[PDB]
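Asks: Mind having a look at this structure? Questions to follow.
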Amino acid sequence: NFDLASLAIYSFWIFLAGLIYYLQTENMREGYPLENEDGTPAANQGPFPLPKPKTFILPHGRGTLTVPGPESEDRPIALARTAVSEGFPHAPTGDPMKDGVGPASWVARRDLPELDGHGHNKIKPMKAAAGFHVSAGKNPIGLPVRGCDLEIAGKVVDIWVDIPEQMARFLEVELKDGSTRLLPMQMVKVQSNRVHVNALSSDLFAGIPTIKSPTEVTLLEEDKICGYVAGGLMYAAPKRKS
Amino acid sequence: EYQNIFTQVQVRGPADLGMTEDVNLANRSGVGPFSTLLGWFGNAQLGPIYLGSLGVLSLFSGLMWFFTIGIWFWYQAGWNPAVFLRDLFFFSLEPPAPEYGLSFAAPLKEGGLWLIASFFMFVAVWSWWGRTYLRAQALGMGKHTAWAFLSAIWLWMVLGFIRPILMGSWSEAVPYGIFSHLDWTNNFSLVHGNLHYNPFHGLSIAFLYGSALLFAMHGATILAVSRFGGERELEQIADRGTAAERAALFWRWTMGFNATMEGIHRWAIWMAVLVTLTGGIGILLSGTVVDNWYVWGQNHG
Amino acid sequence: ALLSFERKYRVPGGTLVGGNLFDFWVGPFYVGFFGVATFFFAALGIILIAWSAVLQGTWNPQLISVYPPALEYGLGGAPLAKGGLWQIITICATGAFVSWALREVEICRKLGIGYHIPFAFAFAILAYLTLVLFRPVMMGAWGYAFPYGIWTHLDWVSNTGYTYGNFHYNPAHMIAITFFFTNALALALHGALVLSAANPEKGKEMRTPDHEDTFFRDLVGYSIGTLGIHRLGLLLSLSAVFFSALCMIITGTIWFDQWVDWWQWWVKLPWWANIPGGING
Ligand code: BCL
Ligand code: BCL
Ligand code: BCL
Ligand code: BCL
Ligand SMILES: CC[C@H]1c2cc3[nH]c4c(c3C)C(=O)[C@H](C(=O)OC)c4c3nc(cc4[nH]c(cc(n2)[C@@H]1C)c(C(C)=O)c4C)[C@@H](C)[C@@H]3CCC(=O)OC/C=C(\C)CCC[C@H](C)CCC[C@H](C)CCCC(C)C
Ligand SMILES: CC[C@H]1c2cc3[nH]c4c(c3C)C(=O)[C@H](C(=O)OC)c4c3nc(cc4[nH]c(cc(n2)[C@@H]1C)c(C(C)=O)c4C)[C@@H](C)[C@@H]3CCC(=O)OC/C=C(\C)CCC[C@H](C)CCC[C@H](C)CCCC(C)C
Ligand SMILES: COC1=C(OC)C(=O)C(C/C=C(\C)CC/C=C(\C)CC/C=C(\C)CC/C=C(\C)CC/C=C(\C)CC/C=C(\C)CC/C=C(/C)CC/C=C(/C)CC/C=C(\C)CCC=C(C)C)=C(C)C1=O
Ligand SMILES: COC(C)(C)C(=O)C/C=C(\C)CC/C=C(\C)CC/C=C(\C)CCCC/C(C)=C/CC[C@H](C)CC/C=C(\C)CCC=C(C)C
Ligand SMILES: CCCCCCCC/C=C/CCCCCCCC(=O)OC[C@@H](O)COP(=O)(O)O
Ligand SMILES: CCCCCCCC/C=C\CCCCCCCC(=O)OC[C@@H](O)COP(=O)(O)O
Ligand SMILES: CCCCCCCC/C=C\CCCCCCCC(=O)OC[C@H](O)CO
Ligand SMILES: CCCCCCCCCCCC[N+](C)(C)[O-]
Ligand SMILES: CCCCCCCCCCCC[N+](C)(C)[O-]
Ligand SMILES: CCCCCCCCCCCCCCC
Ligand SMILES: [Fe+3]
């Protein structure tokens with residue numbers, strides 16, 4: 001009965017159980033311990049223990065990250081309980097786009113730009129990135145930008161490029177008042193005559209968070225920008241035509 | 001809506017020459033041309049490439065392996081280019097017949113050429129393995145790639161080398177031919193009593209299927225959150241953003257648990273690596289320990 | 001219980017059906033209307049499999065096997081224990097899979113993310129329906145579908161394959177296998193690359209994505225990039241399942257011979273069929 005193949009297949013299942021245990025605890029380095037909806041630690045944390053901490057040494061003198069560690073949202077959250085029991089939605093108390101909740105949420109990432117391997121800003125406007133140019137597809141610069149209400153909101157003045165990846169990440173759009181906003185590349189349709197933005201009506205473009213420097217964008221800013229624009233799919237759909 | 005499967009606007013700039021770290025820059029090629037065609041799906045830049053001693057050695061033995069097989073195919077084709085093209089998928093360089101055991105004294109036309117080809121292949125693959133280790137070390141990286149590559153090498157080693165040695169003859173090894181190695185694979189299952197009943201073969205299939213499941217899930221997930229920069233996975237590990245949080249919450253709400261940006265890549269590497277790791281065990285045990293998997297299975301239910 | 005960052009995401013809305021009626025969670029699990037539908041189809045299909053196991057006479061999971069109707073039933077209904085349980089379970093399985101995908105769409109909407117995931121899940125549903133619905137119907141009988149049992153469905157794979165010789169020779173099957181192999185290779189590489197950058201040599205800072213591109217250019221002269229590798233992973237796995245479904249939809253419907261025959265056209269073309277000496281002469 002107990003031959004070598006049998007011993008091997010039993011040994012593998014013991015190995016695999018250990019491997020799954022390792023993999024699951026490794027995947028608990030963010031977001032745990034579990035919390036109650038009031039924010040206090042939950043009683044049932046599951047059958048897997050928290051992993052012991054590990055450290056990353058970040059490049060360019062940016063410090064170290066130790067996970068897991070005591071965590072915090074580091075921002076106000078404008079939502080209210082809608083039920084005494086757990087499991088029910090929390091409703092926005094205010095303007096969810098402006099308050100950045102739900103699909104418009106952003107994370108308090110570092111207010112510093114991501115850097116490339118050489119310590120330079122990873123994302124730059126094309127007008128500040130020597131050599132870069134549109135090499136294929138429709139060049140959107142100078143094209144008009146149109147929201148889901150079919151009204152024009154501005155025109156494309158530049159493209160923000162991921163230098164190491166050679167990839168367009170943001171369109172910079174000038175509004176009727178002369179200020180500009182960044183629009184994620186993944187959220188626009190570059191057409192032959194226009195750029196169409198389905199997520200926002202023309203009058204919600206001005207509510208896009210602004211950046212504090214004309215030639216760089218921080219990780220915090222990217223998260224606020226991208227979360228605002230994505231939250232338009234749920235919270236601007238009243239103003240989305242047909 | 002835009003799906004981000006193909007790039008909308010390609011942008012091009014000066015070629016990226018790469019990180020330097022401890023790389024010996026003498027062995028780096030020049031920069032190749034940009035490919036607009038490739039640029040629709042991924043990066044357009046071609047090269048540079050690093051070519052040091054192990055690379056050159058690997059390419060050399062690699063081509064020798066290729067040439068040995070090719071010369072034999074021309075011989076089987078009576079040096080006729082039309083017969084060559086017509087029967088390309090049917091030619092085969094077979095190992096020595098069982099009579100020659102593990103001897104290296106088989107005449108070329110009778111399996112000697114196979115041993116010579118296998119020698120070249122063995123040098124090319126192992127020097128390529130060393131190259132994936134050293135290319136990582138020169139850049140200060142972890143050795144995960146070289147380790148993952150060892151799992152693929154394991155199954156290849158079992159098939160061509162370890163199992164034939166434990167069996168007592170080179171004739172147990174796999175022939176070099178398109179259709180002939182398919183026939184080898186089917187005959188191997190018949191001879192060993194149906195590989196479906198080899199539990200390590202079943203495990204290998206679960207991890208192969210699970211690899212397509214996992215990459216579909218992870219590729220789709222990252223694309224779904226690329227509107228938040230989700231594909232910048234290294235910085236999302238260092239400084240979790242809403243891309244990582246939505247990615248995790250999609251899967252928690254769907255199936256009740258989730259990964260982290262770093263941890264999904266540990267799931268990924270093990271999923272794939274287990275394919276050939278269990279596969280190699282299952283092949284290694286066939287004919288050495290278990291002769292008939294179906295009959296073995298019947299007494300272990 | 002919530003992840004530490006989860007609460008700000010737990011807002012109302014995004015449902016396709018039923019408004020706020022099913023817009024709630026059970027533990028980590030989002031429900032929704034299609035959460036309820038999934039549960040109903042799943043519970044009913046599991047009950048039916050219990051019923052089938054009673055009729056079978058065993059409760060050992062490795063012997064339960066719900067078979068489809070005999071070929072003589074063509075495409076007609078069958079009595080519960082002569083293939084009808086298989087038919088109702090296939091309805092429930094189909095219902096549960098589709099409900100699962102529509103629940104995923106509701107979750108995508110609530111989170112504001114793309115619909116890629118249920119789109120990719122649909123390819124797997126397609127493949128399942130190719131084997132239990134599309135191919136049986138085109139062939140004229142439910143009995144061409146596979147049985148629901150751990151080992152019996154493997155025997156079905158083996159019987160179906162060897163009906164056509166060595167299934168290896170099916171050229172759509174070769175394409176599908178090539179994508180499955182290349183996908184596991186790409187997955188190993190992608191997992192290793194990211195981990196090798198986030199967990200570098202002892203004594204070193206975390207690497208950057210620039211190190212990842214450089215490693216792959218040094219290794220093979222090309223780097224697809226961070227967006228490209230996830231595009232590729234999705235394409236490889238989806239293409240593998242797509243050519244899987246293709247290789248079966250055409251087997252027994254527009255091709256009936258041994259698959260090795262498909263390659264004998266290239267063999268006996270009239271301008272070189274007769275040249276002697278080699279393999280095919
Ligand atoms: C795809 C082409 C063939 C086929 C060919 C093979 C071959 C060949 C093999 C399997 C194997 C398996 N197949 Mg099959 N299989 C098919 C269709 C299916 C379907 C289906 C509804 O279409 C299902 C659920 C399964 C399920 C299974 C598992 C029992 C096992 C490992 C799969 C795996 O890990 O995948 C990847 C998925 C994951 C890693 C995620 C987890 C999936 C879990 C494990 C699914 C379990 C389902 C459970 C047994 C049944 C339902 C439970 C309900 C409560 C009723 N197969 C078709 C007919 N399958 C292998 C085996 O060991 O069989 C004994 C094997 O060797
Ligand atoms: C009639 C056929 C038999 C059968 C016989 C076998 C046999 C025999 C074997 C498998 C193996 C495998 N089978 Mg089986 N198999 C059958 C039915 C199935 C079914 C099914 C639908 O029923 C499925 C899904 C599978 C699936 C699988 C895989 C899980 C597994 C291969 C892993 C792998 O990645 O290998 C591909 C990867 C490699 C071979 C490693 C390659 C590594 C080297 C280093 C690469 C060198 C490259 C070289 C240098 C050239 C490079 C060119 C450069 C690009 C320039 N089989 C039936 C029962 N199967 C293998 C296994 O592990 O079994 C346990 C195996 O050996
Ligand atoms: C696992 C069990 C069996 C097996 C079962 C199968 C089955 C079944 C199938 C294949 C298929 C293939 N197998 Mg096999 N195969 C085995 C072991 C091997 C080994 C090895 C080092 O051991 C090699 C080099 C190959 C190579 C190959 C390719 C010809 C092909 C596509 C593989 C793939 O997806 O690669 C992933 C890698 C890449 C995408 C990178 C680039 C790789 C290039 C294309 C491979 C070149 C190899 C060789 C030099 C090519 C000569 C080409 C011209 C004819 C001149 N097999 C073992 C013995 N293999 C499929 C096929 O199409 O067969 C006709 C197929 O249907
Ligand atoms: C002796 C057998 C024959 C042979 C005959 C066949 C036959 C016959 C078929 C294949 C098919 C396949 N073969 Mg073949 N094949 C052989 C040898 C091989 C070898 C090899 C190394 O030699 C390889 C690599 C392959 C590879 C493959 C794949 C291309 C394909 C299986 C994947 C697929 O379709 O997934 C598709 C995926 C699915 C069907 C999964 C669907 C899952 C659903 C949507 C969700 C399930 C949920 C579950 C029930 C719930 C789980 C709940 C949880 C438990 C909580 N075959 C030999 C020569 N092969 C199959 C195919 O192409 O099918 C289309 C097929 O039918
Ligand atoms: C974990 C399991 C999976 C896996 C993993 C894996 N494979 C790997 C790795 C990893 C982690 C590597 O790091 C390594 C690598 O470098 O990948 C980029 C490798 C790799 N896996 C490879 C192949 C491969 N892997 C396979 C399988 C798998 N690999 C598994 C599914 C398969 C199959 C059969 O399924 C194949 C064919 C290679 C791409 C590469 C190993 C490279 C190597 O060993 O090279 C030595 C050989 C040569 C240098 C010879 C090259 C030249 C040829 C003789 C052709 C010449 C043609 C002609 C002369 C010229 C034509 C020119 C014109 C077109 C212009
Ligand atoms: C298309 C590429 C690959 C892929 C993709 C994919 N699969 C997916 C997804 C994606 C993107 C999901 O989002 C989804 C998911 O949530 O994953 C966690 C899913 C998923 N893929 C799964 C399984 C699976 N996928 C597979 C394949 C693959 N899926 C492809 C290779 C396979 C196999 C055999 O290769 C399996 C086993 C599940 C984990 C999950 C879908 C879960 C689901 O639909 O749940 C609803 C249903 C139930 C809770 C139970 C229903 C029970 C039935 C009523 C009764 C039993 C019927 C069944 C026919 C019996 C079968 C017996 C077997 C022995 C034959
Ligand atoms: C970058 O990103 C990434 C991540 O992130 C950072 C990720 O994580 C992931 C995710 C990947 C991983 C976590 C890796 C591991 C995953 C794999 C290896 C893939 C394999 C997956 C598995 C094997 C697990 C699959 C298991 C499944 C399918 C889930 C288990 C099945 C269930 C439990 C289904 C049950 C849920 C259902 C049916 C939906 C509805 C739920 C219910 C509870 C229904 C109840 C119905 C009712 C009627 C309840 C009634 C109650 C009422 C009325 C209450 C009333 C209230 C009052 C008080 C009034 C990826 C890909 C990623 O790339
Ligand atoms: C004009 O044409 C020319 C002449 C230029 C050509 O060259 C054309 C070339 C071709 C047409 C090439 C055709 C090539 C193929 C068809 C390749 C197909 C190959 C496969 C499908 C691979 C099958 C599996 C191969 C395996 C399993 C190899 C195993 C190798 C062993 C693990 C190595 C063991 C080592 C041994 C036995 C030697 C021992 C020596 C030591 C030092 C250890
Ligand atoms: C007798 C049968 C047993 C198998 C025989 C040998 C087969 C060879 C297989 C090797 C193991 C499979 C690969 C391991 C998993 C993938 C790598 C990984 O995740 O761990 C490596 C990790 O630490 C990083 O390396 P370092 O940077 O050096 O710490
Ligand atoms: C509760 C379940 C218990 C099951 C029974 C006990 C365990 C069974 C036996 C063995 C399981 C062994 C699993 C080992 C997983 C691999 C661990 C590992 O590789 O650690 C080092 C690694 O981080 C370095 O990676 P990097 O940090 O990326 O370099
Ligand atoms: C001199 C020019 C010679 C050109 C020769 C071209 C050879 C192309 C071969 C393989 C590419 C496919 C690789 C797929 C695996 C990628 C793994 C990965 O994760 O890469 C991410 C990205 O590259 C970093 O972020
Ligand atoms: C075979 C692959 C399935 C692996 C199963 C992983 C189980 C993880 C469940 C952990 C529960 C997490 N939770 C909800 C307590 O936080
Ligand atoms: C690392 C992820 C773990 C995935 C686990 C997959 C479980 C599949 C079980 C297949 C059973 C095969 N067999 C012959 C031993 O029964
Ligand atoms: C192999 C099947 C995997 C199923 C995993 C079930 C979902 C995880 C359980 C969640 C339970 C939550 C309780 C503590 C929060
Ligand atoms: Fe990734």
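How things are named: the first chain in the structure tokens is A, the next is B, and so on; residues count from 1 in each chain; ligands count from 1 in the order shown.
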Wanna dump the chain B-chain A contacts at 9 Å for me, each residue with its shortest atom pair and the distance in Å to one decimal, counting only C-alpha atoms, ordered by chain and number, as CSV?
Replies:
residue,atom,partner,partner_atom,distance
B:1,CA,A:198,CA,7.2
B:2,CA,A:189,CA,6.2
B:3,CA,A:186,CA,7.5
B:4,CA,A:186,CA,6.3
B:7,CA,A:167,CA,8.6
B:8,CA,A:137,CA,6.3
B:9,CA,A:137,CA,4.9
B:10,CA,A:136,CA,5.1
B:11,CA,A:134,CA,4.4
B:12,CA,A:132,CA,5.4
B:13,CA,A:132,CA,4.2
B:14,CA,A:131,CA,6.0
B:16,CA,A:164,CA,7.0
B:18,CA,A:117,CA,8.7
B:19,CA,A:117,CA,6.9
B:36,CA,A:136,CA,7.2
B:39,CA,A:136,CA,8.8
B:40,CA,A:136,CA,8.7
B:43,CA,A:165,CA,6.9
B:44,CA,A:166,CA,8.4
B:199,CA,A:9,CA,7.3
B:200,CA,A:9,CA,7.3
B:226,CA,A:186,CA,7.0
B:227,CA,A:186,CA,5.1
B:228,CA,A:226,CA,5.5
B:229,CA,A:222,CA,8.3
B:235,CA,A:114,CA,7.6
B:238,CA,A:65,CA,6.7
B:239,CA,A:109,CA,6.1
B:240,CA,A:109,CA,6.9
B:241,CA,A:107,CA,5.3
B:242,CA,A:107,CA,5.4
B:243,CA,A:223,CA,8.4
B:245,CA,A:107,CA,8.6
B:246,CA,A:103,CA,8.8
B:258,CA,A:27,CA,7.5
B:259,CA,A:27,CA,5.0
B:260,CA,A:27,CA,5.3
B:261,CA,A:27,CA,8.4
B:262,CA,A:27,CA,7.7
B:263,CA,A:27,CA,4.9
B:264,CA,A:27,CA,7.5
B:266,CA,A:23,CA,7.0
B:267,CA,A:23,CA,6.7
B:270,CA,A:19,CA,8.9
B:278,CA,A:12,CA,8.7
B:281,CA,A:8,CA,8.5
B:282,CA,A:5,CA,8.8
B:285,CA,A:5,CA,6.9
B:289,CA,A:5,CA,7.0
B:290,CA,A:5,CA,7.3
B:299,CA,A:1,CA,7.5
B:300,CA,A:1,CA,7.7
Asks: Keeping only C-alpha atoms, write the selected residues to a file as a CSV table (one decimal), in the first residue's frame.
Replies:
chain,number,residue,atom,x,y,z
B,1,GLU,CA,-15.8,53.6,-23.2
B,2,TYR,CA,-12.1,53.1,-23.8
B,3,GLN,CA,-10.8,49.7,-22.9
B,4,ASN,CA,-7.0,50.2,-22.9
B,7,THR,CA,-2.7,52.3,-27.1
B,8,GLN,CA,-4.6,55.2,-28.6
B,9,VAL,CA,-1.8,57.7,-29.1
B,10,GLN,CA,1.8,56.4,-29.4
B,11,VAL,CA,4.5,58.8,-28.2
B,12,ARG,CA,8.2,58.3,-29.0
B,13,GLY,CA,11.3,59.8,-27.5
B,14,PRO,CA,15.1,59.3,-27.2
B,16,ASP,CA,16.3,54.4,-23.1
B,18,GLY,CA,18.9,51.5,-19.3
B,19,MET,CA,20.0,51.3,-15.7
B,36,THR,CA,5.4,51.4,-34.3
B,39,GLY,CA,4.1,50.2,-30.0
B,40,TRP,CA,0.3,49.7,-30.3
B,43,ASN,CA,6.8,49.3,-25.7
B,44,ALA,CA,8.1,50.2,-29.2
B,199,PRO,CA,-2.0,12.4,-9.6
B,200,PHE,CA,1.0,14.6,-10.3
B,226,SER,CA,-5.2,51.3,-15.1
B,227,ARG,CA,-7.4,54.4,-15.0
B,228,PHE,CA,-5.8,54.8,-11.5
B,229,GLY,CA,-2.3,53.9,-12.6
B,235,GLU,CA,5.1,52.1,-6.5
B,238,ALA,CA,5.6,51.0,-1.7
B,239,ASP,CA,2.7,53.5,-1.3
B,240,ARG,CA,-0.8,51.9,-1.7
B,241,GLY,CA,-3.1,53.9,-3.9
B,242,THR,CA,-6.8,53.6,-4.8
B,243,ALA,CA,-5.8,51.3,-7.7
B,245,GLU,CA,-7.5,49.2,-2.9
B,246,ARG,CA,-10.2,48.9,-5.6
B,258,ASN,CA,-8.1,39.2,-1.7
B,259,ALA,CA,-4.4,39.8,-2.4
B,260,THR,CA,-2.1,42.7,-2.1
B,261,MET,CA,-0.2,44.3,-5.0
B,262,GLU,CA,3.0,42.4,-3.9
B,263,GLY,CA,1.2,39.2,-2.8
B,264,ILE,CA,-0.6,38.5,-6.1
B,266,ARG,CA,3.7,35.5,-5.2
B,267,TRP,CA,0.5,33.7,-6.1
B,270,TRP,CA,4.0,29.8,-7.5
B,278,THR,CA,4.7,18.6,-10.2
B,281,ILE,CA,7.8,14.5,-10.4
B,282,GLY,CA,5.0,12.8,-12.3
B,285,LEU,CA,7.9,8.4,-11.2
B,289,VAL,CA,8.3,3.4,-9.6
B,290,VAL,CA,4.8,3.1,-11.1
B,299,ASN,CA,-5.6,0.6,-5.0
B,300,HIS,CA,-5.2,4.3,-3.7
Asks: Find the residues near residue 117 of chain C: any atom within 8 Å, counting only C-alpha atoms, skip ones fewer than 5 places away on the same chain, and give them as a PyMOL selection string.
Replies: (chain B and resi 216-217+220-221+224) or (chain C and resi 104)
Asks: Output N, CA and C atoms for every residue in that selection, as a compact mmCIF listing (two decimals), in the first residue's frame.
Replies:
# COMPACT_ATOMS: atom_id res chain seq x y z
N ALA B 216 -5.57 35.73 -16.54
CA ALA B 216 -6.80 36.40 -16.97
C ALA B 216 -7.35 37.30 -15.87
N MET B 217 -7.39 36.79 -14.64
CA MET B 217 -7.90 37.57 -13.52
C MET B 217 -7.02 38.79 -13.25
N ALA B 220 -6.78 41.29 -16.44
CA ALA B 220 -8.04 42.04 -16.47
C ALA B 220 -8.14 43.01 -15.30
N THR B 221 -7.70 42.59 -14.10
CA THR B 221 -7.80 43.46 -12.94
C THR B 221 -6.95 44.71 -13.12
N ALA B 224 -8.46 46.95 -15.62
CA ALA B 224 -9.64 47.60 -15.04
C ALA B 224 -9.26 48.76 -14.13
N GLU C 104 -20.43 40.48 -10.90
CA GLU C 104 -19.15 41.15 -11.10
C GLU C 104 -19.32 42.50 -11.78
Asks: Which residues of chain A have any atom within 8 Å of an atom in chain C when counting only C-alpha atoms, and what is the closest pair of atoms for each, with the distance in Å to one decimal? Order the rows by chain and rising number and write it as JSON lines.
Replies:
{"residue": "A:31", "atom": "CA", "partner": "C:4", "partner_atom": "CA", "distance": 4.7}
{"residue": "A:32", "atom": "CA", "partner": "C:3", "partner_atom": "CA", "distance": 6.0}
{"residue": "A:33", "atom": "CA", "partner": "C:4", "partner_atom": "CA", "distance": 7.1}
{"residue": "A:34", "atom": "CA", "partner": "C:3", "partner_atom": "CA", "distance": 5.1}
{"residue": "A:35", "atom": "CA", "partner": "C:2", "partner_atom": "CA", "distance": 5.1}
{"residue": "A:36", "atom": "CA", "partner": "C:1", "partner_atom": "CA", "distance": 5.0}
{"residue": "A:37", "atom": "CA", "partner": "C:2", "partner_atom": "CA", "distance": 6.8}
{"residue": "A:39", "atom": "CA", "partner": "C:4", "partner_atom": "CA", "distance": 7.9}
{"residue": "A:42", "atom": "CA", "partner": "C:1", "partner_atom": "CA", "distance": 6.1}
{"residue": "A:56", "atom": "CA", "partner": "C:206", "partner_atom": "CA", "distance": 6.4}
{"residue": "A:57", "atom": "CA", "partner": "C:205", "partner_atom": "CA", "distance": 4.8}
{"residue": "A:58", "atom": "CA", "partner": "C:206", "partner_atom": "CA", "distance": 5.5}
{"residue": "A:59", "atom": "CA", "partner": "C:205", "partner_atom": "CA", "distance": 5.6}
{"residue": "A:71", "atom": "CA", "partner": "C:4", "partner_atom": "CA", "distance": 7.5}
{"residue": "A:72", "atom": "CA", "partner": "C:4", "partner_atom": "CA", "distance": 7.6}
{"residue": "A:73", "atom": "CA", "partner": "C:5", "partner_atom": "CA", "distance": 6.7}
{"residue": "A:77", "atom": "CA", "partner": "C:8", "partner_atom": "CA", "distance": 6.4}
{"residue": "A:79", "atom": "CA", "partner": "C:8", "partner_atom": "CA", "distance": 7.2}
{"residue": "A:87", "atom": "CA", "partner": "C:25", "partner_atom": "CA", "distance": 4.5}
{"residue": "A:88", "atom": "CA", "partner": "C:24", "partner_atom": "CA", "distance": 4.8}
{"residue": "A:89", "atom": "CA", "partner": "C:11", "partner_atom": "CA", "distance": 5.0}
{"residue": "A:90", "atom": "CA", "partner": "C:11", "partner_atom": "CA", "distance": 5.1}
{"residue": "A:91", "atom": "CA", "partner": "C:11", "partner_atom": "CA", "distance": 5.6}
{"residue": "A:92", "atom": "CA", "partner": "C:11", "partner_atom": "CA", "distance": 7.1}
{"residue": "A:101", "atom": "CA", "partner": "C:8", "partner_atom": "CA", "distance": 5.4}
{"residue": "A:102", "atom": "CA", "partner": "C:9", "partner_atom": "CA", "distance": 4.3}
{"residue": "A:103", "atom": "CA", "partner": "C:112", "partner_atom": "CA", "distance": 4.8}
{"residue": "A:104", "atom": "CA", "partner": "C:112", "partner_atom": "CA", "distance": 7.7}
{"residue": "A:105", "atom": "CA", "partner": "C:8", "partner_atom": "CA", "distance": 7.0}
{"residue": "A:116", "atom": "CA", "partner": "C:210", "partner_atom": "CA", "distance": 6.6}
{"residue": "A:117", "atom": "CA", "partner": "C:210", "partner_atom": "CA", "distance": 5.4}
{"residue": "A:164", "atom": "CA", "partner": "C:210", "partner_atom": "CA", "distance": 6.7}
{"residue": "A:165", "atom": "CA", "partner": "C:225", "partner_atom": "CA", "distance": 6.6}
{"residue": "A:230", "atom": "CA", "partner": "C:112", "partner_atom": "CA", "distance": 5.7}
{"residue": "A:231", "atom": "CA", "partner": "C:112", "partner_atom": "CA", "distance": 6.2}
{"residue": "A:233", "atom": "CA", "partner": "C:112", "partner_atom": "CA", "distance": 6.9}
{"residue": "A:234", "atom": "CA", "partner": "C:14", "partner_atom": "CA", "distance": 7.3}
Asks: Please report as a Markdown table every residue of chain C lying within 10 Å of ligand 3, along with the nearest atom pair and their distance in Å (one decimal), using only C-alpha atoms and all ligand atoms.
Replies:
| residue | atom | partner | partner_atom_place_in_ligand_line | distance |
| --- | --- | --- | --- | --- |
| C:166 | CA | ligand 3 | 8 (C) | 9.7 |
| C:167 | CA | ligand 3 | 8 (C) | 8.7 |
| C:168 | CA | ligand 3 | 8 (C) | 5.5 |
| C:169 | CA | ligand 3 | 66 (O) | 7.4 |
| C:170 | CA | ligand 3 | 66 (O) | 8.2 |
| C:171 | CA | ligand 3 | 66 (O) | 7.6 |
| C:172 | CA | ligand 3 | 66 (O) | 8.7 |
| C:173 | CA | ligand 3 | 66 (O) | 6.2 |
| C:174 | CA | ligand 3 | 66 (O) | 3.4 |
| C:175 | CA | ligand 3 | 62 (O) | 6.0 |
| C:176 | CA | ligand 3 | 66 (O) | 7.6 |
| C:177 | CA | ligand 3 | 66 (O) | 5.3 |
| C:178 | CA | ligand 3 | 34 (O) | 3.4 |
| C:179 | CA | ligand 3 | 34 (O) | 6.1 |
| C:180 | CA | ligand 3 | 34 (O) | 7.1 |
| C:181 | CA | ligand 3 | 34 (O) | 4.7 |
| C:182 | CA | ligand 3 | 36 (C) | 4.4 |
| C:183 | CA | ligand 3 | 36 (C) | 8.1 |
| C:184 | CA | ligand 3 | 36 (C) | 8.7 |
| C:185 | CA | ligand 3 | 36 (C) | 7.1 |
| C:186 | CA | ligand 3 | 39 (C) | 9.1 |
Asks: For ligand 15, list the contacting residues at 9 Å or closer, counting only C-alpha atoms and all ligand atoms, as a count of residues only.
Replies: 21
Asks: When the cut-off is 6 Å and you count only C-alpha atoms and all ligand atoms, which residues lie near ligand 5, shown as a PyMOL selection string?
Replies: (chain B and resi 58-59+62-63+66+124-125+128+145-146+148-149+151-152+272-273+276) or (chain C and resi 181+184-185+188-189)
Asks: Could you state the separation of atom 18 (C, counted along the ligand's line) of ligand 6 and atom CA of residue 32 of chain C in Å, given to one decimal place?
Replies: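 Taking atom 18 (C, counted along the ligand's line) of ligand 6 and atom CA of residue 32 of chain C, their separation equals 17.3 Å.
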Asks: Counting only C-alpha atoms and all ligand atoms, which residue out of B:295, B:203, B:196, B:38 sits closest to ligand 4?
Replies: B:196
Asks: Counting only C-alpha atoms and all ligand atoms, name the residues that have an atom within 7 Å of an atom of ligand 8; the answer should be given as a PyMOL selection string.
Replies: chain B and resi 66-71+73-74+88+115-116+118-119+121-122+156-161+170+173-178+181
Asks: Select, from C:236, C:260, C:122, C:78, the residue with the minimum atom-to-atom distance to residue 183 of chain B, counting only C-alpha atoms.
Replies: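 Of the candidates, the smallest distance to residue 183 of chain B is held by C:260.
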Asks: Enumerate as a PyMOL selection string all residues of segment 14-168 of chain C assigned to helix (DSSP H, G or I) by DSSP on the backbone, naming them with the chain letters and numbers the document uses.
Replies: chain C and resi 32-56+71-73+80-82+84-111+116-139+142-144+152-162+167-168
